[PDB]
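Everything below concerns the one structure shown next.
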Amino acid sequence: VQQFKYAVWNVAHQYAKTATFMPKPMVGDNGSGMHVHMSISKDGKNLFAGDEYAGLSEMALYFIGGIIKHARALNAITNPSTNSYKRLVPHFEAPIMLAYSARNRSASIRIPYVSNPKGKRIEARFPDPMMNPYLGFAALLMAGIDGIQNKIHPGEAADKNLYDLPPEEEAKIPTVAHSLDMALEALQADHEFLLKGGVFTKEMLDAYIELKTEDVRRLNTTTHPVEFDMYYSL
Amino acid sequence: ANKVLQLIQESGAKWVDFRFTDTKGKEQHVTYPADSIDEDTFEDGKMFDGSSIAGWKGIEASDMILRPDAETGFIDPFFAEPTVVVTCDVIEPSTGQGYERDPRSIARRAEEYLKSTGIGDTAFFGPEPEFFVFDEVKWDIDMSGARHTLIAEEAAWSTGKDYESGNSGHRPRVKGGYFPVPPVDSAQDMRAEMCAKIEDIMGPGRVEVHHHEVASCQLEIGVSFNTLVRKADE
Ligand SMILES: [Mg+2]
Ligand SMILES: [Mg+2]
């Protein structure tokens with residue numbers, strides 16, 4: 001990932017241009033996202049392959065469940081930028097709804113058409129390139145295996161429709177974090193899966209959270225031009 | 001004319017502005033000295049060429065100066081000059097809708113074609129015309145292309161523009177100019193003057209209300225309802 005970023009940055013620079021892996025740099029047009037494709041192999045066999053749902057093993061269903069459960073927390077490490085939440089907005093092309101389907105948009109988790117079940121994987125569309133590859137990938141796994149270990153059921157798959165009327169539902173459909181603020185509060189509450197295996201020390205997690213909070217501080221302290229628009233002449 | 005001729009006397013006006021309306025609904029004017037204007041002129045009239053409604057006919061229609069009301073001292077112009085917004089257009093014979101059709105006469109026809117139907121003695125119309133006021137407006141159309149630009153301080157998009165007096169930042173937001181207070185309103189005295197001028201023209205009372213319409217730079221002044229051929233003139 002890091003090498004890719006480096007290449008694109010520098011190539012662009014040689015064309016006298018500048019590249020940015022920021023999400024939503026431009027408002028009113030598409031944000032830049034990092035969908036993450038995931039598989040597990042054991043002695044060289046794809047554990048995700050099965051006949052549970054659209055070629056998915058029970059293993060993978062549990063992977064999914066864990067991630068869905070821990071998503072708001074997972075939104076830091078993945079979506080670790082205040083800007084990330086500019087992308088994650090109630091609209092089209094928006095993986096805001098915490099669900100899974102192979103054939104549905106607005107599904108934060110999506111099951112790719114893989115043809116051969118040999119490469120069967122699962123895709124999470126909510127992350128943006130601001131995610132630390134190392135830390136991010138890892139956190140997804142830890143949450144994934146928490147699913148497996150606790151046999152977390154991912155619930156029913158919504159393939160039907162992205163966002164429609166509220167039959168007291170859809171409103172009820174869970175959403176990913178609205179702000180880095182919230183994401184950091186979520187990770188405070190729900191960090192346990194990471195600490196397992198001692199993969200994540202509490203030293204670093206509590207540090208990370210504080211360091212990321214400085215980013216939040218910046219945003220919250222600095223008046224935004226838009227505030228002038230709404231509030232200046234009140 | 002009791003109204004007009006007497007007004008001329010009282011005003012000491014040297015000039016009388018005959019005003020009529022073309023098919024497209026654009027008021028037109030021709031100016032005569034008071035000396036030519038007698039009571040008989042209201043009957044006899046003053047004749048003129050036809051270049052808007054008609055053509056080919058080499059039409060020499062007459063401007064039968066209409067008399068009651070519409071006898072307004074020209075508020076804007078320097079020299080004392082009453083207007084006769086009442087100038088029905090009559091063919092040389094058949095005192096009728098001149099050129100293709102004089103709108104005012106068509107309306108007079110409809111005035112009669114209500115009493116004649118025995119449905120009603122009079123009909124009352126109360127229009128609410130909305131207008132925009134801009135600082136400046138520019139456009140051109142050539143083979144090169146077509147172009148048009150709106151320029152105004154009060155325009156919603158004028159935030160960020162440089163001004164001589166400086167930019168107040170107090171301006172209506174888009175759709176959001178529904179009655180906010182003067183800092184942003186930046187009209188008021190203008191509307192007031194408009195109202196004052198109206199009263200000079202039509203008469204006392206008559207002006208109901210003045211407010212800022214929704215769009216940036218959009219204003220509404222309310223004028224009392226009246227009969228056709230009266231309200232139309234107004
Ligand atoms: Mg994708
Ligand atoms: Mg209105």
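How things are named: the first chain in the structure tokens is A, the next is B, and so on; residues count from 1 in each chain; ligands count from 1 in the order shown.
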
DSSP on the backbone, strand (DSSP E) only: what residues of region 14-136 of chain B does that give? Format it as a ChimeraX atom specification. /B:15-21,27-33,46-49,60-65,71-73,82-84,87-90,124-125,130-132,136

Kindly assemble as JSON lines a list of the chain A residues that lie within 8 Å of ligand 1, each paired with its nearest atom pair and their distance in Å to one decimal, using only C-alpha atoms and all ligand atoms, sorted first by chain and then by ascending residue number.
```
{"residue": "A:35", "atom": "CA", "partner": "ligand 1", "partner_atom_place_in_ligand_line": "1 (Mg)", "distance": 5.4}
{"residue": "A:36", "atom": "CA", "partner": "ligand 1", "partner_atom_place_in_ligand_line": "1 (Mg)", "distance": 7.8}
{"residue": "A:112", "atom": "CA", "partner": "ligand 1", "partner_atom_place_in_ligand_line": "1 (Mg)", "distance": 7.9}
{"residue": "A:123", "atom": "CA", "partner": "ligand 1", "partner_atom_place_in_ligand_line": "1 (Mg)", "distance": 7.0}
{"residue": "A:125", "atom": "CA", "partner": "ligand 1", "partner_atom_place_in_ligand_line": "1 (Mg)", "distance": 6.7}
```

Filtering to N, CA, C and O atoms, could you give me those residues as an mmCIF file, in the first residue's frame?
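Writing done, so here's result16.cif:
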```cif
data_model
loop_
_atom_site.group_PDB
_atom_site.id
_atom_site.type_symbol
_atom_site.label_atom_id
_atom_site.label_comp_id
_atom_site.auth_asym_id
_atom_site.auth_seq_id
_atom_site.Cartn_x
_atom_site.Cartn_y
_atom_site.Cartn_z
ATOM 1 N N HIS A 35 -11.841 0.138 -0.359
ATOM 2 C CA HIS A 35 -12.500 -1.127 -0.082
ATOM 3 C C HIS A 35 -11.396 -2.134 0.264
ATOM 4 O O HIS A 35 -10.350 -2.130 -0.399
ATOM 5 N N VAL A 36 -11.630 -2.956 1.303
ATOM 6 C CA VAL A 36 -10.683 -3.964 1.753
ATOM 7 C C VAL A 36 -11.242 -5.369 1.504
ATOM 8 O O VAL A 36 -12.332 -5.708 1.937
ATOM 9 N N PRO A 112 -17.898 -10.086 -3.289
ATOM 10 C CA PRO A 112 -17.548 -10.011 -4.691
ATOM 11 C C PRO A 112 -17.889 -11.271 -5.469
ATOM 12 O O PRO A 112 -17.726 -12.379 -4.974
ATOM 13 N N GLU A 123 -15.522 -8.177 1.009
ATOM 14 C CA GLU A 123 -15.067 -6.815 0.790
ATOM 15 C C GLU A 123 -15.752 -5.882 1.788
ATOM 16 O O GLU A 123 -16.956 -5.901 1.919
ATOM 17 N N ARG A 125 -16.435 -1.908 2.342
ATOM 18 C CA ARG A 125 -16.337 -0.730 1.493
ATOM 19 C C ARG A 125 -16.197 0.556 2.327
ATOM 20 O O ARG A 125 -15.893 1.610 1.773
#
```

Could you please select, counting only C-alpha atoms, the residues of chain A within 10 Å of chain B and state them as a ChimeraX atom specification? /A:228-230,232-234

Quick one: write out the picked residues with N, CA and C atoms as a JSON list (two decimals), in the first residue's frame?
```json
[["chain", "number", "residue", "atom", "x", "y", "z"],
["A", 228, "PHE", "N", -19.70, 30.75, 8.58],
["A", 228, "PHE", "CA", -19.97, 32.12, 8.19],
["A", 228, "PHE", "C", -21.27, 32.13, 7.41],
["A", 229, "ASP", "N", -21.41, 31.14, 6.53],
["A", 229, "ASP", "CA", -22.56, 31.14, 5.67],
["A", 229, "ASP", "C", -23.80, 31.08, 6.54],
["A", 230, "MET", "N", -23.81, 30.14, 7.47],
["A", 230, "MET", "CA", -25.04, 29.94, 8.23],
["A", 230, "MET", "C", -25.20, 31.03, 9.29],
["A", 232, "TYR", "N", -23.17, 33.99, 10.26],
["A", 232, "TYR", "CA", -22.53, 35.30, 10.41],
["A", 232, "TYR", "C", -23.56, 36.37, 10.76],
["A", 233, "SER", "N", -24.70, 36.43, 10.05],
["A", 233, "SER", "CA", -25.62, 37.56, 10.17],
["A", 233, "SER", "C", -26.81, 37.22, 11.05],
["A", 234, "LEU", "N", -26.66, 36.24, 11.96],
["A", 234, "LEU", "CA", -27.67, 35.97, 12.97],
["A", 234, "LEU", "C", -27.41, 36.79, 14.26]]
```

For ligand 2, list the contacting residues at 9 Å or closer, counting only C-alpha atoms and all ligand atoms, as a JSON list (two decimals) with C-alpha atoms, in the first residue's frame.
```
[["chain", "number", "residue", "atom", "x", "y", "z"],
["B", 128, "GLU", "CA", -48.89, 40.60, -7.27],
["B", 129, "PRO", "CA", -45.95, 41.24, -9.73],
["B", 130, "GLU", "CA", -42.53, 40.24, -8.40],
["B", 211, "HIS", "CA", -41.36, 43.04, 1.52],
["B", 212, "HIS", "CA", -38.29, 41.17, 0.31],
["B", 213, "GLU", "CA", -39.18, 38.09, -1.81],
["B", 214, "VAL", "CA", -37.38, 34.79, -1.29],
["B", 219, "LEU", "CA", -38.57, 42.42, -4.01],
["B", 220, "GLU", "CA", -42.37, 42.70, -3.91]]
```

Could you state the separation of CA of residue 198 (chain B) and CA of residue 36 (chain B) in Å, given to one decimal place?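 Rounded to one decimal, the two atoms are 27.8 Å apart.
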
Can you pull out the residues contacting residue 58 (chain A)? Cut-off 12 Å, using only C-alpha atoms, and skip same-chain residues under 4 positions away; I want them as a ChimeraX atom specification. /A:47-54,62-65,147-149,151-154

When you look at residue 98 (chain A) with a cut-off of 8 Å (counting only C-alpha atoms), what residues show up, excluding the ones that are within fewer than 2 positions of it in the same chain? I need them as a ChimeraX atom specification. /A:68,71,95-96,100,107-109,173-176

How would the residues just chosen look if you wrote them out with N, CA, C and O atoms as a PDB file, in the first residue's frame?
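What ended up in selection_11.pdb:
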```
ATOM      1  N   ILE A  68     -19.088  -6.293  11.833  1.00  0.00           N
ATOM      2  CA  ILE A  68     -20.291  -5.490  11.978  1.00  0.00           C
ATOM      3  C   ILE A  68     -20.453  -5.062  13.440  1.00  0.00           C
ATOM      4  O   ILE A  68     -20.821  -3.918  13.722  1.00  0.00           O
ATOM      5  N   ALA A  71     -17.806  -2.373  14.319  1.00  0.00           N
ATOM      6  CA  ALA A  71     -17.583  -1.410  13.254  1.00  0.00           C
ATOM      7  C   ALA A  71     -17.318   0.015  13.780  1.00  0.00           C
ATOM      8  O   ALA A  71     -16.343   0.651  13.379  1.00  0.00           O
ATOM      9  N   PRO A  95     -21.290   3.479   1.686  1.00  0.00           N
ATOM     10  CA  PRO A  95     -21.310   2.283   2.523  1.00  0.00           C
ATOM     11  C   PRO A  95     -21.609   2.585   3.990  1.00  0.00           C
ATOM     12  O   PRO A  95     -20.870   2.176   4.872  1.00  0.00           O
ATOM     13  N   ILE A  96     -22.692   3.315   4.254  1.00  0.00           N
ATOM     14  CA  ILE A  96     -22.948   3.828   5.587  1.00  0.00           C
ATOM     15  C   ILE A  96     -23.713   2.781   6.400  1.00  0.00           C
ATOM     16  O   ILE A  96     -23.456   2.629   7.601  1.00  0.00           O
ATOM     17  N   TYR A 100     -24.533  -6.755   5.048  1.00  0.00           N
ATOM     18  CA  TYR A 100     -23.801  -7.515   4.051  1.00  0.00           C
ATOM     19  C   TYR A 100     -24.764  -7.955   2.956  1.00  0.00           C
ATOM     20  O   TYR A 100     -25.906  -8.328   3.236  1.00  0.00           O
ATOM     21  N   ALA A 107     -24.350  -1.441   1.224  1.00  0.00           N
ATOM     22  CA  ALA A 107     -23.892  -2.483   2.117  1.00  0.00           C
ATOM     23  C   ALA A 107     -22.445  -2.166   2.478  1.00  0.00           C
ATOM     24  O   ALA A 107     -21.584  -2.110   1.575  1.00  0.00           O
ATOM     25  N   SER A 108     -22.187  -1.961   3.777  1.00  0.00           N
ATOM     26  CA  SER A 108     -20.820  -1.663   4.190  1.00  0.00           C
ATOM     27  C   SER A 108     -19.928  -2.862   3.850  1.00  0.00           C
ATOM     28  O   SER A 108     -18.759  -2.684   3.536  1.00  0.00           O
ATOM     29  N   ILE A 109     -20.482  -4.076   3.884  1.00  0.00           N
ATOM     30  CA  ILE A 109     -19.756  -5.302   3.551  1.00  0.00           C
ATOM     31  C   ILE A 109     -20.418  -5.912   2.324  1.00  0.00           C
ATOM     32  O   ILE A 109     -21.634  -5.993   2.257  1.00  0.00           O
ATOM     33  N   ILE A 173     -31.832   0.194  10.993  1.00  0.00           N
ATOM     34  CA  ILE A 173     -30.626  -0.378  10.405  1.00  0.00           C
ATOM     35  C   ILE A 173     -29.389   0.361  10.919  1.00  0.00           C
ATOM     36  O   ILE A 173     -29.356   1.587  10.897  1.00  0.00           O
ATOM     37  N   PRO A 174     -28.358  -0.362  11.416  1.00  0.00           N
ATOM     38  CA  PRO A 174     -27.206   0.275  12.045  1.00  0.00           C
ATOM     39  C   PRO A 174     -26.349   1.033  11.050  1.00  0.00           C
ATOM     40  O   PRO A 174     -26.309   0.648   9.884  1.00  0.00           O
ATOM     41  N   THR A 175     -25.704   2.108  11.510  1.00  0.00           N
ATOM     42  CA  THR A 175     -24.899   2.928  10.625  1.00  0.00           C
ATOM     43  C   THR A 175     -23.494   3.008  11.197  1.00  0.00           C
ATOM     44  O   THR A 175     -23.275   2.811  12.391  1.00  0.00           O
ATOM     45  N   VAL A 176     -22.559   3.311  10.313  1.00  0.00           N
ATOM     46  CA  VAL A 176     -21.179   3.437  10.738  1.00  0.00           C
ATOM     47  C   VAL A 176     -21.027   4.784  11.450  1.00  0.00           C
ATOM     48  O   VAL A 176     -21.975   5.561  11.483  1.00  0.00           O
TER      49      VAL A 176
END
```

Which residues are near region 43-52 of chain B? Cut-off 12 Å, only C-alpha atoms, ignore same chain within fewer than 3 positions. Put them as a ChimeraX atom specification. /B:1,18,20-32,36-40,55-67,86-93,95,98-102

Please measure the separation of CA of residue 20 (chain A) and CA of residue 126 (chain A), giving the value in Å to one decimal. 18.4 Å

Report, in Å with one decimal, the straight-line distance from CA of residue 27 (chain A) to CA of residue 223 (chain A).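 Going from CA of residue 27 (chain A) over to CA of residue 223 (chain A) covers 17.8 Å.
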
Could you give me, as an MDAnalysis selection string, the residues within 10 Å of residue 120 (chain A), counting only C-alpha atoms and dropping anything in the same chain fewer than 4 positions from it? chainID A and resid 37:40 46:50 54:57 60 111:116

Deliver the residues from the most recent selection as a file, using N, CA and C atoms, as a compact mmCIF listing (two decimals), in the first residue's frame.
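As written to disk, result-v8.txt reads:
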```
# COMPACT_ATOMS: atom_id res chain seq x y z
N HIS A 37 -10.53 -6.12 0.68
CA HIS A 37 -10.86 -7.49 0.37
C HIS A 37 -10.12 -8.41 1.32
N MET A 38 -10.80 -9.44 1.85
CA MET A 38 -10.22 -10.26 2.89
C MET A 38 -10.53 -11.73 2.64
N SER A 39 -9.53 -12.59 2.90
CA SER A 39 -9.64 -14.05 2.89
C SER A 39 -8.76 -14.64 3.99
N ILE A 40 -9.09 -15.85 4.44
CA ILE A 40 -8.22 -16.63 5.32
C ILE A 40 -7.89 -17.95 4.61
N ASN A 46 -8.77 -22.14 1.04
CA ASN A 46 -9.53 -20.94 1.32
C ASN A 46 -10.68 -21.29 2.25
N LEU A 47 -10.54 -20.85 3.51
CA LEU A 47 -11.54 -21.16 4.52
C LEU A 47 -12.84 -20.42 4.25
N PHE A 48 -12.79 -19.37 3.43
CA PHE A 48 -13.98 -18.55 3.25
C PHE A 48 -14.96 -19.22 2.31
N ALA A 49 -14.46 -20.14 1.47
CA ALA A 49 -15.30 -20.89 0.54
C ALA A 49 -16.25 -21.81 1.31
N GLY A 50 -17.52 -21.85 0.88
CA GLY A 50 -18.50 -22.73 1.48
C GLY A 50 -19.81 -22.69 0.70
N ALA A 54 -24.15 -17.51 -0.81
CA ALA A 54 -23.42 -16.96 -1.93
C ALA A 54 -21.96 -17.43 -1.84
N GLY A 55 -21.78 -18.73 -1.58
CA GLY A 55 -20.50 -19.41 -1.62
C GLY A 55 -19.65 -19.17 -0.37
N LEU A 56 -20.27 -18.76 0.74
CA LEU A 56 -19.51 -18.35 1.91
C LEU A 56 -19.56 -19.44 2.98
N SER A 57 -18.39 -19.71 3.58
CA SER A 57 -18.33 -20.59 4.72
C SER A 57 -18.96 -19.93 5.94
N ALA A 60 -16.61 -17.39 7.36
CA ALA A 60 -16.69 -16.05 6.81
C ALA A 60 -17.93 -15.35 7.34
N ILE A 111 -20.05 -8.97 -0.98
CA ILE A 111 -19.44 -10.23 -1.36
C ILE A 111 -19.17 -10.20 -2.86
N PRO A 112 -17.90 -10.09 -3.29
CA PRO A 112 -17.55 -10.01 -4.69
C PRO A 112 -17.89 -11.27 -5.47
N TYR A 113 -18.34 -11.08 -6.71
CA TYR A 113 -18.40 -12.12 -7.72
C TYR A 113 -16.99 -12.61 -8.05
N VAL A 114 -16.68 -13.83 -7.60
CA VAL A 114 -15.31 -14.34 -7.61
C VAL A 114 -15.16 -15.43 -8.67
N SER A 115 -16.28 -15.85 -9.29
CA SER A 115 -16.32 -16.99 -10.19
C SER A 115 -15.87 -18.29 -9.50
N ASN A 116 -14.60 -18.70 -9.70
CA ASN A 116 -14.05 -19.85 -9.01
C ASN A 116 -14.20 -19.62 -7.50
```

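DSSP secondary structure from the backbone places residues 39, 40, 41, 42, 43, 44, 103, 104, 105, 106, 107, 108, 109, 110, 111, 112, 113, 114 and 115 of chain B of region 37-152 of chain B in helix (DSSP H, G or I).
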
The residue from A:86, A:121, A:110, A:91 with the smallest atom-to-atom distance to residue 41 (chain A), counting only C-alpha atoms, is A:121

Between B:204, B:82, B:127, B:33, which has the minimum distance to residue 7 (chain B) (counting only C-alpha atoms)? B:82
